[PDB]
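In the form deposited in one PDB entry, a lone chain appears below as structure tokens.
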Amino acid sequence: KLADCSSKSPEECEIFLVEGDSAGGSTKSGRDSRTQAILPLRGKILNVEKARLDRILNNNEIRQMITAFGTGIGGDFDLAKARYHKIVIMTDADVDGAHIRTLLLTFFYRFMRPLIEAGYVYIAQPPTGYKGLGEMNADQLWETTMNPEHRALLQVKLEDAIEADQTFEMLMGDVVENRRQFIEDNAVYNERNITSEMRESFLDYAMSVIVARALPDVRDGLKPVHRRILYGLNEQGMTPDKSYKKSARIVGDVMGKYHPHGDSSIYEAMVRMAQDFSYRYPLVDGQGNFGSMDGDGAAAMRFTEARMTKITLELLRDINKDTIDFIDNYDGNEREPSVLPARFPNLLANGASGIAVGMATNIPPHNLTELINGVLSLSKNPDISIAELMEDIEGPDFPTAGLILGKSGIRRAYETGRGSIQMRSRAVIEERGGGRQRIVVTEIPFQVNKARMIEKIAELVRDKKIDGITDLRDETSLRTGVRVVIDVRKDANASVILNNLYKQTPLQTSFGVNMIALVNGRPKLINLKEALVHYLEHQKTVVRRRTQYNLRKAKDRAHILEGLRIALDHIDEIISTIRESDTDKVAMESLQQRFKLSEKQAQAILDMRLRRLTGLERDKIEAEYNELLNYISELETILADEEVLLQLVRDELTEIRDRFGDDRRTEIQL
């Protein structure tokens, strides 16, 4: 992998460490091949702080660096046997590049500490504004970053060693709480000391993963990748009435315009939203192989096609009506939504799961009818308890159905935001004839791989870890649904074999609820009431802003129509005014003066076509106006009374509940 230099005098030789071959190519073209070597790594390197020594010494990327430096590791480390006097870390000018830098400084600190001590370790500084060095032209990477005449390099300096020893243990170690504490105390919503560098770069990454990757927003229940996918579909008119659009086009559009990450991350997020076993209310409607419950992946994006589901329209409803705030995209060239209008409670409906830095999230799916009735009960009573809300919201409702054992785990999860929810498969004991029996599984727990589960039972039987099982078959079909058959030995108690399967296999899986969502852009552990309160505050805002916008637009349009009506009342005069004018400026000024018209009104008259002078067209102008006057009155009523605004929110949620609300799938047992 190493693209070495001509020279063999380490004192003048430099080694540049890059993320992969895309950045490597630009680097090999722009460099000085006499004194500058290039080692392209393969993305994220191993965390030596969290890893076992054997794993470290056998890792291909760790080995490639050891071999290239020629200094050996730990105690056998000889700074004399070094092949470069500058080890230059040149990761990409993004948050994951900062993370790879922290992962590298950690390996150098725990294994090659004298390399830092000798001042041999540097950090390159490529221009921000690129996603990778592979986006840069060789001449651009050279002058800015690699030429010793123009480059700005940071030399890594280890000042206090005990402070550094505590830093690497805090940020890179296996104890989460210390990292969480560090993020909480520090989050904000030339030589360089290693401790400062590790703290600033790790906080850059942690923060970014927390607010812009792994955690959902409380208002719409979406993570940046899902929001950008849905918006991408909205922008391209990939609505349910239109035909399916190729996945490659959606992925490429979303990536180019909103998501500066790999295709794999975008396509896989899109695929999951299109799976009925993953989403309680699927957001994407996919044509083709979108994977299975057996862990089978979707077909490559060239084969599949997609569009929004009917319910996705409710997530994007009124986005163009000044309901939500837009922000600049990653490069300034595009505008993206900060949140979606979310006309149905998506956070609780589809749930969420995401591994962040210092924290994680695990919100289960819920039944739409129960959520809406929950939100409606809350609208009528701000003081409602979790117990009362539970009269509406019984508990989670998995797309895979099954059983939940007891309401105590649910109660605790809705009150504290944390709890263990015991899930069970739908299994029954039935006869197969000849005095023999079988166990028939028709519903498996949520997020459990059906094939992998069957293989675990197979494994237990083969290893004689369970008694009574004579056969095991997956009789699932498009036609009969999920059907897993476990044949029992004649005279053996099948209820005992079933109880054993529940203790030994994923046939019984628990769901550890950990309700962390972004509230006002900060991660917060929330309870059931809080999740709903935030959803309702959001809906009141969306509806109010839509009404304020529709009113501004209706007034602007009534204004224009008042001008067209004046023109229809004085057509000969209007014509004479335009005809007697040499320019469009003169006509516009003369019209404004003669008929007390605004600039907007006179431009509208000047833009009016001759076909608009016929009987039908004259009528259309009068009818649009009379309709709009009534519409302005209707809107002005909504903004004059807060109880009328709140009742519209309730009426709109009621319509959604009546159209999209479905039956409970998951049975809650006592």
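We call the rigid core whatever largest set of C-alpha positions still superposes within 1.5 Å between the two forms. Just count from 1 along the sequence shown to find any residue number.
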Report task. Select one of none, 1 to 3, 4 to 9, or 10 or more to describe the deposited residues without coordinates separating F303 and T304. Result -> none
Query - 162-170 set against 545-553, stretch whose average Cα temperature factor tops the other in the entry - result: 162-170
Requested in this report: Would you determine, from the values in the PDB entry, which of 26-34 and 51-59 has the greater average C-alpha temperature factor?
Outcome: 51-59
Report task. Would you mind checking which of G351, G72, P337, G409 has the top Cα temperature factor in the PDB entry? Result -> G72
Query - Residue, from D397, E530, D276, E143, that the PDB entry assigns the highest Cα B-factor - result: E143
Report summary line: The third of the chain into which the C-alpha temperature factor of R192 falls is the highest
Requested in this report: Pull the Cα B-factor of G433 out of the PDB entry and bin it into the chain's lowest, middle or highest third.
Outcome: highest
Report task. Ordered by C-alpha B-factor within the chain, which third holds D4? Give me lowest, middle or highest, please. Result -> highest
Report task. Sort the modelled residues of this chain by their C-alpha B factor and say whether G297 lands in the lowest, middle or highest third. Result -> middle
Query raised in the report: Where does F182 sit by CA temperature factor within its chain: lowest, middle or highest third?
Result: middle
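Only in words, not in the display: the form deposited in another entry, which the text now covers.
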Query raised in the report: Relative to the superposed core, which single residue of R63, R42, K620, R34 shows a CA shift of 2 Å or more between the shown form and the other one?
Result: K620
